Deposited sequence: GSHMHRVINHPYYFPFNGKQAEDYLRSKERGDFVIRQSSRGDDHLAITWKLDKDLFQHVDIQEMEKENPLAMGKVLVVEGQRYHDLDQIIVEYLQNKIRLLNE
């Protein structure tokens, strides 16, 4: 239910990178979605709006633990869940 939490997340949209850009066009600077990625080695990504017609894209890496399920890795900060990720990209948008 790691998979279940990610895919049904309110900020998760089943978009590719182009469509995420398209959706962000009518949003504001710093808005973002978690969306899908057909490469991989990662099937998740973040896309967010830097400015009018300018976007950033980042891969979300999904790895296992070996302890007690999965762990998200974005530019090399580890996270459990999308939630901690959403928190930071909202604080990002905030400091504008």
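Of the deposited sequence, the ranges 1, 70-72, 101-103 have no C-alpha coordinates according to the record.
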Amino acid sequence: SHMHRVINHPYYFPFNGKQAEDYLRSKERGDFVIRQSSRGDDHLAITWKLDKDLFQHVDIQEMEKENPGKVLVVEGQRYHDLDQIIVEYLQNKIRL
From here on, numbers count along this sequence of modelled residues.
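Of the two segments, 46-54 and 59-67, the one listed with the higher mean B-factor is 59-67 (C-alpha atoms only). Ranked by C-alpha B-factor against the other modelled residues of its chain, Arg29 falls in the middle third. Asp22: CA B factor lies in the middle third for its chain, per the PDB record. The deposited CA B-factor of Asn8 belongs to the lowest third of values across its chain.
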